[PDB]
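K.L.:
The file below is target-v2.pdb, PDB, C-alpha atoms and all ligand atoms:
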ATOM      1  CA  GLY A  15      31.291  -4.132 -14.144
ATOM      2  CA  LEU A  16      27.689  -4.695 -15.229
ATOM      3  CA  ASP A  17      29.218  -6.074 -18.446
ATOM      4  CA  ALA A  18      31.212  -8.721 -16.467
ATOM      5  CA  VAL A  19      27.975 -10.019 -14.909
ATOM      6  CA  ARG A  20      26.142  -9.945 -18.275
ATOM      7  CA  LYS A  21      28.978 -11.944 -19.942
ATOM      8  CA  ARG A  22      29.342 -14.671 -17.281
ATOM      9  CA  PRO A  23      25.952 -14.684 -15.499
ATOM     10  CA  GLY A  24      26.107 -18.288 -14.281
ATOM     11  CA  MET A  25      29.190 -17.307 -12.266
ATOM     12  CA  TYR A  26      27.181 -14.655 -10.345
ATOM     13  CA  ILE A  27      23.571 -15.941 -10.155
ATOM     14  CA  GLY A  28      23.768 -19.729 -10.734
ATOM     15  CA  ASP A  29      22.626 -21.899 -13.646
ATOM     16  CA  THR A  30      20.747 -19.835 -16.241
ATOM     17  CA  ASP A  31      19.126 -22.805 -17.986
ATOM     18  CA  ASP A  32      17.137 -24.723 -15.339
ATOM     19  CA  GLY A  33      15.353 -22.066 -13.268
ATOM     20  CA  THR A  34      17.896 -22.034 -10.413
ATOM     21  CA  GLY A  35      19.529 -18.721 -11.215
ATOM     22  CA  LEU A  36      16.195 -17.231 -12.252
ATOM     23  CA  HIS A  37      14.773 -17.777  -8.796
ATOM     24  CA  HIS A  38      18.018 -16.778  -7.039
ATOM     25  CA  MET A  39      17.315 -13.327  -8.590
ATOM     26  CA  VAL A  40      14.190 -13.065  -6.471
ATOM     27  CA  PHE A  41      15.958 -14.365  -3.310
ATOM     28  CA  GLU A  42      18.805 -11.806  -3.639
ATOM     29  CA  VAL A  43      16.201  -9.026  -3.597
ATOM     30  CA  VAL A  44      14.311 -10.631  -0.704
ATOM     31  CA  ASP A  45      17.609 -10.915   1.322
ATOM     32  CA  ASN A  46      17.933  -7.125   1.120
ATOM     33  CA  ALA A  47      14.482  -6.738   2.696
ATOM     34  CA  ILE A  48      15.332  -9.480   5.252
ATOM     35  CA  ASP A  49      18.483  -7.526   6.182
ATOM     36  CA  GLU A  50      16.336  -4.459   6.754
ATOM     37  CA  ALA A  51      14.128  -6.678   9.023
ATOM     38  CA  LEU A  52      17.177  -8.012  10.943
ATOM     39  CA  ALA A  53      18.232  -4.409  11.556
ATOM     40  CA  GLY A  54      14.809  -4.061  13.275
ATOM     41  CA  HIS A  55      13.311  -1.713  10.665
ATOM     42  CA  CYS A  56      11.012  -3.862   8.441
ATOM     43  CA  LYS A  57       8.048  -5.905   9.736
ATOM     44  CA  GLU A  58       6.539  -7.111   6.414
ATOM     45  CA  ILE A  59       7.769  -8.263   3.035
ATOM     46  CA  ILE A  60       5.477  -8.800   0.029
ATOM     47  CA  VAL A  61       6.640 -10.802  -3.011
ATOM     48  CA  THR A  62       4.290 -10.520  -6.013
ATOM     49  CA  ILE A  63       4.479 -12.661  -9.189
ATOM     50  CA  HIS A  64       2.936 -10.399 -11.848
ATOM     51  CA  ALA A  65       1.386 -11.667 -15.107
ATOM     52  CA  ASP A  66       3.912  -9.732 -17.305
ATOM     53  CA  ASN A  67       6.982 -11.876 -16.447
ATOM     54  CA  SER A  68       8.113  -9.599 -13.557
ATOM     55  CA  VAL A  69       8.416 -10.077  -9.803
ATOM     56  CA  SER A  70       8.121  -7.307  -7.215
ATOM     57  CA  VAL A  71       9.547  -7.353  -3.710
ATOM     58  CA  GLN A  72       8.156  -4.689  -1.356
ATOM     59  CA  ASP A  73       9.194  -3.977   2.251
ATOM     60  CA  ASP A  74       8.023  -1.461   4.838
ATOM     61  CA  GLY A  75      11.548  -0.531   5.984
ATOM     62  CA  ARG A  76      13.350   2.793   6.069
ATOM     63  CA  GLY A  77      13.779   3.002   2.291
ATOM     64  CA  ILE A  78      17.032   2.807   0.309
ATOM     65  CA  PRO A  79      18.871   6.124   0.797
ATOM     66  CA  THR A  80      17.905   8.744  -1.767
ATOM     67  CA  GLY A  81      20.426  11.480  -1.192
ATOM     68  CA  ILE A  82      22.628  12.859  -3.933
ATOM     69  CA  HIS A  83      26.373  13.345  -3.824
ATOM     70  CA  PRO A  84      26.594  17.043  -4.799
ATOM     71  CA  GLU A  85      29.881  16.845  -6.792
ATOM     72  CA  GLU A  86      28.932  13.646  -8.659
ATOM     73  CA  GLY A  87      25.185  14.179  -9.092
ATOM     74  CA  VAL A  88      24.542  10.453  -8.572
ATOM     75  CA  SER A  89      22.066   9.281  -5.946
ATOM     76  CA  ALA A  90      22.976   6.701  -3.317
ATOM     77  CA  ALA A  91      20.152   4.603  -4.681
ATOM     78  CA  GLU A  92      21.856   4.423  -8.050
ATOM     79  CA  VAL A  93      25.199   3.484  -6.488
ATOM     80  CA  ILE A  94      23.510   0.652  -4.652
ATOM     81  CA  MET A  95      21.747  -0.558  -7.796
ATOM     82  CA  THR A  96      24.837  -0.410 -10.060
ATOM     83  CA  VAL A  97      28.052  -1.220  -8.094
ATOM     84  CA  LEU A  98      29.420  -4.682  -7.244
ATOM     85  CA  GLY A 117      25.106 -12.750  -1.056
ATOM     86  CA  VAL A 118      25.842 -11.524  -4.601
ATOM     87  CA  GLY A 119      23.881  -8.242  -4.322
ATOM     88  CA  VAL A 120      20.997  -6.435  -5.991
ATOM     89  CA  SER A 121      23.309  -4.896  -8.650
ATOM     90  CA  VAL A 122      23.781  -8.405 -10.098
ATOM     91  CA  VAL A 123      19.967  -8.760 -10.324
ATOM     92  CA  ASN A 124      19.878  -5.370 -12.047
ATOM     93  CA  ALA A 125      22.592  -6.371 -14.544
ATOM     94  CA  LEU A 126      20.637  -9.476 -15.479
ATOM     95  CA  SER A 127      17.203  -7.775 -15.817
ATOM     96  CA  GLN A 128      15.987  -6.375 -19.124
ATOM     97  CA  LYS A 129      14.253  -3.888 -16.854
ATOM     98  CA  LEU A 130      14.284  -3.038 -13.179
ATOM     99  CA  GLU A 131      12.104  -0.465 -11.401
ATOM    100  CA  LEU A 132      13.029   0.947  -7.990
ATOM    101  CA  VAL A 133      10.461   2.850  -5.903
ATOM    102  CA  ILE A 134      11.472   4.229  -2.530
ATOM    103  CA  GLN A 135       9.163   5.748   0.040
ATOM    104  CA  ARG A 136      11.233   7.813   2.447
ATOM    105  CA  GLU A 137      11.103  11.156   4.300
ATOM    106  CA  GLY A 138       7.603  11.918   2.974
ATOM    107  CA  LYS A 139       8.439  11.427  -0.780
ATOM    108  CA  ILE A 140       8.179   8.686  -3.380
ATOM    109  CA  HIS A 141      11.371   8.270  -5.436
ATOM    110  CA  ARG A 142      11.646   6.274  -8.643
ATOM    111  CA  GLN A 143      14.315   5.065 -11.041
ATOM    112  CA  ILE A 144      14.247   2.728 -14.022
ATOM    113  CA  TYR A 145      17.193   0.675 -15.327
ATOM    114  CA  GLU A 146      17.610  -1.521 -18.407
ATOM    115  CA  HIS A 147      20.282  -4.263 -18.248
ATOM    116  CA  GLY A 148      21.586  -2.355 -15.221
ATOM    117  CA  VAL A 149      21.887   0.999 -17.023
ATOM    118  CA  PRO A 150      19.883   3.790 -15.378
ATOM    119  CA  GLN A 151      17.435   5.377 -17.845
ATOM    120  CA  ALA A 152      17.168   8.715 -16.035
ATOM    121  CA  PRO A 153      18.184  10.012 -12.603
ATOM    122  CA  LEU A 154      16.281   9.027  -9.446
ATOM    123  CA  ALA A 155      13.265  11.328  -9.377
ATOM    124  CA  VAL A 156      10.507  12.390  -6.977
ATOM    125  CA  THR A 157       7.125  10.999  -8.106
ATOM    126  CA  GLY A 158       4.804  11.896  -5.193
ATOM    127  CA  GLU A 159       4.402  12.227  -1.438
ATOM    128  CA  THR A 160       3.647   9.492   1.034
ATOM    129  CA  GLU A 161       3.032   8.828   4.699
ATOM    130  CA  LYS A 162       4.712   5.356   4.349
ATOM    131  CA  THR A 163       8.283   4.097   4.114
ATOM    132  CA  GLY A 164       9.855   1.253   2.254
ATOM    133  CA  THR A 165      11.497  -0.089  -0.793
ATOM    134  CA  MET A 166       9.931  -1.763  -3.871
ATOM    135  CA  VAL A 167      12.049  -3.528  -6.496
ATOM    136  CA  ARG A 168      10.235  -4.898  -9.568
ATOM    137  CA  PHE A 169      12.239  -6.672 -12.252
ATOM    138  CA  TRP A 170      11.797  -8.379 -15.581
ATOM    139  CA  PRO A 171      14.537 -10.985 -16.120
ATOM    140  CA  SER A 172      16.774 -10.791 -19.161
ATOM    141  CA  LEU A 173      15.562 -13.189 -21.865
ATOM    142  CA  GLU A 174      19.069 -13.021 -23.339
ATOM    143  CA  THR A 175      20.395 -14.566 -20.070
ATOM    144  CA  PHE A 176      17.719 -17.019 -18.948
ATOM    145  CA  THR A 177      16.584 -20.031 -21.033
ATOM    146  CA  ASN A 178      14.135 -23.040 -20.622
ATOM    147  CA  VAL A 179      12.706 -21.767 -17.369
ATOM    148  CA  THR A 180      11.996 -18.046 -17.964
ATOM    149  CA  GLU A 181       8.915 -17.736 -15.797
ATOM    150  CA  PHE A 182       8.719 -17.613 -12.012
ATOM    151  CA  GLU A 183       7.310 -20.722 -10.372
ATOM    152  CA  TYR A 184       5.172 -20.364  -7.252
ATOM    153  CA  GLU A 185       6.300 -23.481  -5.370
ATOM    154  CA  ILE A 186      10.012 -22.536  -5.591
ATOM    155  CA  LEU A 187       9.324 -19.131  -4.107
ATOM    156  CA  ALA A 188       6.884 -20.489  -1.563
ATOM    157  CA  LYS A 189       9.364 -23.077  -0.221
ATOM    158  CA  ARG A 190      12.207 -20.619   0.200
ATOM    159  CA  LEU A 191      10.049 -17.736   1.513
ATOM    160  CA  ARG A 192       8.580 -20.014   4.187
ATOM    161  CA  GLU A 193      12.151 -20.938   5.207
ATOM    162  CA  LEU A 194      13.219 -17.323   5.294
ATOM    163  CA  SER A 195      10.251 -16.498   7.560
ATOM    164  CA  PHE A 196      11.157 -19.258  10.104
ATOM    165  CA  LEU A 197      14.877 -18.355  10.031
ATOM    166  CA  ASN A 198      13.995 -14.680  10.785
ATOM    167  CA  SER A 199      11.285 -15.126  13.357
ATOM    168  CA  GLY A 200       8.838 -12.240  13.694
ATOM    169  CA  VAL A 201       9.052 -11.206   9.989
ATOM    170  CA  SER A 202       5.877 -11.515   7.924
ATOM    171  CA  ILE A 203       6.390 -12.595   4.312
ATOM    172  CA  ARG A 204       3.417 -12.561   1.891
ATOM    173  CA  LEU A 205       3.605 -14.283  -1.502
ATOM    174  CA  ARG A 206       0.998 -13.253  -4.072
ATOM    175  CA  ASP A 207       0.625 -14.691  -7.571
ATOM    176  CA  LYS A 208      -1.365 -12.447  -9.958
ATOM    177  CA  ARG A 209      -1.315 -15.126 -12.681
ATOM    178  CA  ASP A 210      -3.782 -17.219 -10.594
ATOM    179  CA  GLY A 211      -4.800 -15.326  -7.404
ATOM    180  CA  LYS A 212      -2.830 -17.711  -5.188
ATOM    181  CA  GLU A 213      -1.583 -16.154  -1.980
ATOM    182  CA  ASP A 214       0.325 -17.316   1.128
ATOM    183  CA  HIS A 215       1.319 -15.697   4.414
ATOM    184  CA  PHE A 216       4.490 -16.981   6.108
ATOM    185  CA  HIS A 217       5.142 -15.873   9.702
ATOM    186  CA  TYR A 218       6.560 -17.645  12.757
ATOM    187  CA  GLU A 219       6.489 -17.007  16.506
TER     188      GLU A 219
HETATM  189  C1  LIG A 301      12.921  -4.813  -1.902
HETATM  190  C2  LIG A 301      14.372  -4.764  -1.419
HETATM  191  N1  LIG A 301      14.462  -4.055  -0.134
HETATM  192  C3  LIG A 301      15.523  -3.311   0.229
HETATM  193  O1  LIG A 301      16.493  -3.187  -0.518
HETATM  194  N2  LIG A 301      15.388  -2.683   1.421
HETATM  195  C4  LIG A 301      16.287  -1.846   1.985
HETATM  196  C5  LIG A 301      17.658  -1.675   1.667
HETATM  197  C6  LIG A 301      18.484  -0.772   2.365
HETATM  198  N3  LIG A 301      19.775  -0.631   1.965
HETATM  199  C7  LIG A 301      20.620  -1.558   1.478
HETATM  200  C8  LIG A 301      21.778  -0.971   1.161
HETATM  201  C9  LIG A 301      21.670   0.327   1.433
HETATM  202  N4  LIG A 301      20.437   0.543   1.907
HETATM  203  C10 LIG A 301      17.910   0.010   3.395
HETATM  204  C11 LIG A 301      18.640   0.919   4.211
HETATM  205  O2  LIG A 301      19.603   0.465   4.828
HETATM  206  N5  LIG A 301      18.150   2.176   4.361
HETATM  207  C12 LIG A 301      18.687   3.117   5.181
HETATM  208  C13 LIG A 301      19.352   2.857   6.397
HETATM  209  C14 LIG A 301      19.838   3.888   7.203
HETATM  210  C15 LIG A 301      19.675   5.211   6.830
HETATM  211  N6  LIG A 301      19.007   5.506   5.627
HETATM  212  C16 LIG A 301      18.509   4.457   4.824
HETATM  213  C17 LIG A 301      16.557  -0.196   3.701
HETATM  214  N7  LIG A 301      15.766  -1.115   2.991
END
Take the structure I supplied and represent it as structure tokens, if you would.

P.N.:
Amino acid sequence: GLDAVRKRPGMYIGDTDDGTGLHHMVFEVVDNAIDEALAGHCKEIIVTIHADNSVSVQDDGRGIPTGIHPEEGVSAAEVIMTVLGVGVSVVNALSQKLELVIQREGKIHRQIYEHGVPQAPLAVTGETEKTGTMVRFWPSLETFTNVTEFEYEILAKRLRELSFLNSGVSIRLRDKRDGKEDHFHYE
């Protein structure tokens, strides 16, 4: 499953050699937050370009479900992150590392994956008065070539579009490599 994506990544994410697929990785994650907005449960989305070759997408929605199937011991979160709009599990497969943090029902939940493989079970890491989902990922440098860093203008163009196609949703874009920030929202 995850191995299929890792073997023929271009097929799932787009061209791995010119930045297209690299940025589609971000947009797949953003589309999940947009869907939570369209369901009427997320008002703000924050996309952050970190200085360590990762991007985070944060929303203030209900949170990815965190319950466990008692016979299987696997959380819903993990199912969502690992099982095959190409889906966040593709992004996971093609990240050297992905971190998931969910704020839901008063608790913070966290799980780490490498190349889509969960490193330990979803675990409680604190309490919180907020809700939402944060996905931070570091793209696989075995998959992506030539353009391996995120480029502000590509994200800015598409995030602006996503904000005007989903009117009422606030999308912030923050770049920690230079302090650049934008706020996209349409009425
Ligand atoms: C940064 C990326 N953001 C992101 O993935 N956001 C996201 C995703 C959700 N889900 C998507 C599939 C399953 N849940 C849900 C979701 O549907 N949560 C949910 C809905 C109903 C009951 N319990 C939990 C909420 N937010």

K.L.:
Taking the file as shown, what set of residues would the PyMOL selection byres (((chain A and resi 202) around 6) and not hetatm) give back, as a PDB file with C-alpha atoms, in the frame of the given file?

P.N.:
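See selection09.pdb below for the written result:
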ATOM      1  CA  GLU A  58       6.539  -7.111   6.414  1.00  0.00           C
ATOM      2  CA  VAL A 201       9.052 -11.206   9.989  1.00  0.00           C
ATOM      3  CA  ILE A 203       6.390 -12.595   4.312  1.00  0.00           C
ATOM      4  CA  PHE A 216       4.490 -16.981   6.108  1.00  0.00           C
ATOM      5  CA  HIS A 217       5.142 -15.873   9.702  1.00  0.00           C
TER       6      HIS A 217
END

K.L.:
Could you list the residues chosen by the PyMOL selection byres (((chain A and resi 166-169) around 7) and not hetatm) in this structure as a list in words?

P.N.:
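Output from the PyMOL selection byres (((chain A and resi 166-169) around 7) and not hetatm), applied to this file: residues 68, 69, 70, 71, 72, 73, 127, 129, 130, 131, 132, 133, 134, 164, 165, 170 and 171 of chain A.
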
K.L.:
What would the selection look like, as a PyMOL selection string, if the PyMOL selection byres (((chain A and resi 41-56) around 7) and not hetatm) were run on the coordinates I just shared?

P.N.:
chain A and resi 37-40+57-59+71+73-76+117+119-120+201

K.L.:
Compare A:65, A:60, A:16, A:144 by their minimum atom-to-atom distance to ligand LIG 301 (chain A), counting only C-alpha atoms and all ligand atoms, and give me the closest one.

P.N.:
A:60

K.L.:
Would you mind reading off the distance between atom CA of residue A:213 and atom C2 of ligand LIG 301 (chain A), one decimal, in Å?

P.N.:
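Answer for the atom CA of residue A:213 to atom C2 of ligand LIG 301 (chain A) separation: 19.6 Å.
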